[PDB]
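J.: Here's a structure for you.
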Amino acid sequence: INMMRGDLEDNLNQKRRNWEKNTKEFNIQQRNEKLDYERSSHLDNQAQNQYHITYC
Amino acid sequence: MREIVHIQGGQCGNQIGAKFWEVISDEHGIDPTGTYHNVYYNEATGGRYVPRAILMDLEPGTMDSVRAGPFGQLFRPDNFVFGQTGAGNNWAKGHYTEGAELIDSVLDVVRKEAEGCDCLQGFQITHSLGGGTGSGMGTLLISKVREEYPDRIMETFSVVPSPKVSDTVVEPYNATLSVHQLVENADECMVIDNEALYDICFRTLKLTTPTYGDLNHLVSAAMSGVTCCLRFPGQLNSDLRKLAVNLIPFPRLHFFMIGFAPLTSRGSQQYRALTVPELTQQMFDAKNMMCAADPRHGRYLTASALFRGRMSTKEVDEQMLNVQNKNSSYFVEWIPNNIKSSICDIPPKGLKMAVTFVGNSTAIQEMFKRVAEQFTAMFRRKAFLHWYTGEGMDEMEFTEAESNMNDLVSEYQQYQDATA
Ligand SMILES: Nc1nc2c(ncn2[C@@H]2O[C@H](COP(=O)(O)OP(=O)(O)O)[C@@H](O)[C@H]2O)c(=O)[nH]1
C-alpha cells in the first residue's frame, strides 16, 4: 500500500507539471500574438498616415 | 429623433449655408443630385434627399448665388423665400418695416418644417451681425421662434463684424442693435470674424489667394465637427445639449469661441507626424481660433473638445489634464476640472484625426468692448442716425442696446474676477 500511494502521488505531481507547461505554451503564444498585433497596427498606422497626407 | 433645422439669413449666412450643406453632403457620401453613393436631410420620393433648411434674404442675388454653386439643387423651392429690395446695409430695414412682411411668411415655412420632425433637438442659424438683412431678420426670427419653441436650443453660428478691417461704415450700429436682442433669446453665440480667418489662412497654410470660398469651407468644417460626434457613434458621445450644459454657468455667459484642428500646408504636411498631443498643441494655441482675441488675455471659463477618428481615450484625457494643469493661470480656479472631452468614431473624408474645440471664455469681452467703442464714438455725434430714426426707430433703443452690451461685458468681468 505504501508503494501504491507513492506511485499515485508521483503521477499527480507529473500531471501538475504537465499542466504548468501547457500554460507556459499558452503564455508564449499570447506574447507572440501581441507582437504580431503591434507590428501590424504600426504598418496600418503608416498606411493611414500616407492616405491622409497624400490627400491633396 | 434629435433632428436639426438649419435656418439661414443674409448673403454671408447664405453662402456659409451653401458651403456647409455641400461639405455635409461630401461627408455623408451624397452627390450634387441627392442620391446615395435623418438628422440633417429628409427623405423624398425616388430615394432623393433634401436638406432641412430654409433660405431667406431680401435680395434675389443670393438666390442666384446658391443656384450657381454646386449642390444647389439639393434644396427645395418651398424653402426659397426672397424679397425684392435688399436692406442695403441698413439694420432697421430688416427688422421693422420691410423685413417684417417676410418673417411672417418664414414662420409658415418653419411651422410646416419643424413639425415634420418628431423629436426636434433644436435649431441653428447662420448669418452676419453687421449686414442689415441677415442681422435684422435673424434677430426677429430668433425672437419669434424662442417665443414658439422655448424648450429647444437655437445655436447662432454668427459672424461678428471684422473689427479692424472694416468693409462697411455702419457696422457698429447694426452689431450693437443685434447683440442687444441676441443675448436674450439665444443659447450658443459662436462668434467668427474675418480677421482671424485671414490670419489662419495666411500664417497656417501659406495659401496664394484666399477667397471667401476658403473661409466658408473652413467655417463649414468647424460647423460639421461641432455636431459630428452626435451624427455618429463613439466611445463617449455628446450632443447639442450636453455642450450647452457643460459650457455655460449662467444664462447669459453663453458666447463661445471656435477652433479647428489640424491645419497645415504641403511643406509642413510632409513633416509633423499625426498624434494626439500635437493636435492639442495645435488647438490650444492662441492664433488657431476663429476669433481675433488672444485667449491668454482672458481666462477659460470652460472648454469642450470633440475628437473624431480612432485613438486611445487615455491619451486624450491625459493630454487634457496636462494642459489644464500646467497652464493654470490662463484657466479659472473657482471651477475645477473645467475642460471637457468627447470622442466620435468616424473622422472626416480621409482625415485620420480631427479636433473641434468650443470654448466659453472671458477673453472675448474685448471684441464687444471695441465694437461698443466704435458705436459710442459714432453715436455721440448722431452720425448716420437719420437713416434709422426715419424708419420708426427712436433714439432710446440705441442707449438701451449699448447699456445692455455694457451690462453683459460687466457680467463677464465681474464673474471672471471672482474667487473662492
Ligand atoms: N466669411 C464670409 N464673410 C462675409 C461674406 N460676405 C460678407 N461677409 C462680411 O460680412 C459683413 C457684411 O455682411 P453682408 O452679408 O454683406 O450683409 P447682408 O447683405 O445684410 O447679408 C461684412 O463685414 C462682410 O465683409 C461671405 O460671403 N463670407
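Following Swiss-Prot, chain B residues are numbered 1-37, 48-430, in order.
In case you wondered, yes, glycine gets a Cβ from its N, Cα and C as well.
Annotation source Swiss-Prot lists GTP binding site at B:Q11, B:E69, B:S138, B:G142, B:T143, B:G144, B:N204, B:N226. Annotation comment: Swiss-Prot describes B:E69 as Mg(2+) binding site.
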J.: Among residues B:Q11, B:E69, B:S138, B:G142, B:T143, B:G144, B:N204, B:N226 annotated as binding GTP, what is the maximum Cα-Cα distance? Answer in Å.
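T.: Taking every pair of listed residues, the largest Cα separation comes to 23 Å.
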J.: Relative to the Cβ of B:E69 (GTP binding site), which residues of the same chain, six or more apart in sequence, are found under 8 Å away?
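T.: Result: B:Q11, B:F92, B:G93, B:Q94, B:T95, B:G96, B:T143.
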J.: Counting Cβ atoms within 10 Å of each candidate's own Cβ, which of the binding-site residues B:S138, B:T143, B:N226 comes out highest?
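T.: Counting every other Cβ within 10 Å of each candidate, the maximum falls on B:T143.
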J.: Would you mind ranking the binding-site residues B:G142, B:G144 by how many other Cβ atoms sit within 10 Å of each Cβ and giving me the lowest?
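T.: Output over binding-site residues B:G142, B:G144: least Cβ neighbours within 10 Å is B:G142.
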J.: Going along the chain, which residues six or more apart from B:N204 (GTP binding site) have their CB under 8 A from its CB?
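T.: Those within reach of B:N204 (GTP binding site), by Cβ under 8 Å and sequence separation of 6 or more, are B:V169, B:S172, B:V175, B:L225.
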